[PDB]
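Data first, discussion second: the structure below is written as structure tokens.
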Amino acid sequence: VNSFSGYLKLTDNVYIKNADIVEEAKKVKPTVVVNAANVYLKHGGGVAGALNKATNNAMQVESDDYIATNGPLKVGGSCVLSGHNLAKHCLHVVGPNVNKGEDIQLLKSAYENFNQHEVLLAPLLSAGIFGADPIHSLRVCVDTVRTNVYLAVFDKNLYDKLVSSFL
Ligand SMILES: OC[C@H](Cc1ccoc1)Nc1ncnc2[nH]ccc12
Ligand SMILES: [Cl-]
């Protein structure tokens with residue numbers, strides 16, 4: 001039993017809700033919130049901009065030190081950093097950004113990072129301003145993640161479309 005509430009159950013392990021991931025994380029304070037990161041951990045827009053703003057820029061300060069020490073992530077890769085006031089940990093995951101010409105096949109690799117964590121609050125990787133098809137992102141999520149994932153979908157018409165089109 002966990003404190004996630006109001007989710008629709010899609011499979012044994014994947015749950016979905018129309019929600020603002022910032023407000024969800026503040027309420028649940030989950031063990032892991034997933035950020036839709038880029039390789040530079042520059043949290044400017046989309047989910048990343050919103051999560052960073054909610055931390056009063058502490059996420060960005062921590063991220064800049066991480067990059068100065070370790071260099072950029074790989075597309076498809078991840079790192080675990082602090083969750084600040086939102087969660088215990090933030091798993092920064094880099095899905096391919098179609099608006100940069102990156103390979104959509106890397107989306108499965110990106111979702112594989114979720115399997116290192118028993119329970120996660122997450123957005124759909126490569127959706128929104130990353131330019132991929134969200135119906136496709138949900139399919140890859142369901143077919144790749146085996147741990148318990150609670151997906152927050154920001155857009156209401158998209159949430160309804162994702163539910164009604166889910167196989
Ligand atoms: O796939 C990630 C989606 C993309 C999208 C599609 C339509 O609008 C946004 N973004 C988000 N999902 C959940 N919580 C969020 N908080 C701020 C942004 C955000
Ligand atoms: Cl977005």
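The residues of the chain are indexed from 1 along the displayed sequence. Computation of the quantities below employed the complete heavy-atom set of this structure, encompassing side-chain atoms and omitting hydrogens, waters and symmetry-equivalent molecules.
Distance check: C79 SG to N35 CG gives 9.0 Å after rounding to the nearest 0.5 Å. Put simply, CG on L120 and CZ on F114 are 6.0 Å apart, with the number rounded to the nearest 0.5 Å. Of the inter-residue distances, the one linking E24 atom CD with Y7 atom OH reads 4.0 Å to the nearest 0.5 angstrom. Interatomic distance, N85 CG to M59 CE, rounded to the nearest 0.5 Å: 8.5 Å. One finds the CD atom of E62 at 8.0 Å from the SG atom of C90 (value rounded to the nearest 0.5 Å). Taken from CG in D160 to OG in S165, the straight-line distance is 10.0 Å, to the nearest 0.5 Å.
Listed for the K17 side chain is a donor-acceptor partner under 3.5 Å among the backbone atoms of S5. Of the possible polar contacts, none joining the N115 side chain to the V145 backbone as a donor-acceptor pair under 3.5 Å is found. Judged by distance alone, the side chain of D103 and the main-chain N or O of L106 form no donor-acceptor pair under 3.5 Å. Between the side chain of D133 and the main chain of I135, a donor-acceptor pair closer than 3.5 Å is present.
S126 is not listed as a side-chain neighbour of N97, based on a closest heavy-atom distance of 4.5 Å or more. For the pair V34 and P123, the minimum side-chain heavy-atom distance is below 4.5 Å. Between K42 and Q60 the shortest side-chain heavy-atom distance falls below 4.5 Å. Under the 4.5 Å side-chain criterion, counting only non-hydrogen atoms from C-beta, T55 is in contact with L86. Side chains of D155 and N18 form no contact here, defined as non-hydrogen atoms less than 4.5 Å apart. You'll find the side chain of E118 stays beyond 4.5 Å of the side chain of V32, heavy atoms only. In this structure, the side chains of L151 and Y159 stay at 4.5 Å or more apart for every pair of heavy atoms. Inter-residue side-chain proximity for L121 and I21 is flagged as met; some heavy-atom pair is nearer than 4.5 Å.
Ring to ring, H117 and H89 are not that close: their centroids are 6.0 angstrom or more apart.
Neither side chain, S63 nor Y40, offers a donor N or O lying under 3.5 Å from an acceptor on the other. For the residue pair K108 / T144, a side-chain donor-acceptor distance below 3.5 Å is found, with atom types taken as modelled. Side-chain contact, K9 with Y15: a donor N or O sits under 3.5 Å from an acceptor N or O.
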Side chain to side chain contact (heavy atoms under 4.5 Å, CB included) for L81 and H92? Distances and angles first, verdict last. CA-CA 7 Å; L81 291 173; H92 295 272; 3.8 Å; yes
Take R146 and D12, measure what salt bridge (charged side-chain N to carboxylate O under 4.0 Å, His left out) needs, and give me the verdict at the end. CA-CA 9 Å; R146 299 177 300 282; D12 179 76; over 6 Å; no
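When hydrophobic clusters are built by joining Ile, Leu, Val, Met, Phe, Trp and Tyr residues whose side-chain heavy atoms come closer than 4.5 Å, directly or via intermediates, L162 is grouped together with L10. Under a hydrophobic-cluster definition in which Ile, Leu, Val, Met, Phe, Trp and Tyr are linked whenever side-chain heavy atoms come within less than 4.5 Å, directly or via other members, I104 and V140 are assigned to the same cluster. One hydrophobic cluster, built from ILVMFWY side chains closer than 4.5 Å, cannot hold both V80 and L73; they sit in different ones. The hydrophobic clustering, which links ILVMFWY residues whose side-chain heavy atoms are closer than 4.5 Å, places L158 and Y150 apart. Both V33 and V28 sit in one connected hydrophobic cluster of ILVMFWY residues. Membership requires side-chain heavy atoms under 4.5 Å apart, directly or through other members.
Under a 4.0 Å N-O distance rule, the pair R139/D143 qualifies as a salt bridge. Checked for salt-bridge contact, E23 and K26 meet the test: a charged N lies under 4.0 Å from a carboxylate O.
Nearest approach of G95 to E102, heavy atoms of both residues: O-OE1, 4.2 Å. Minimum heavy-atom separation, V75 to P96: CG1-CA, 3.8 Å. Residue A122 comes nearest to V149 through the heavy atom pair CB-CG2, 4.1 Å, listed as atom of the first residue, atom of the second, then distance. Closest heavy-atom contact between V93 and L125: CG1-CD1, 3.9 Å. The minimum heavy-atom distance linking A37 with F130 is given by the pair O-CZ, 3.3 Å. Shown here for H43 and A48, the closest heavy-atom pair between the two residues is CB-O, 3.5 Å.
Looking at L167, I16, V163, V153 one by one, the single match for side chain to side chain contact (heavy atoms under 4.5 Å, CB included) with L138 turns out to be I16.
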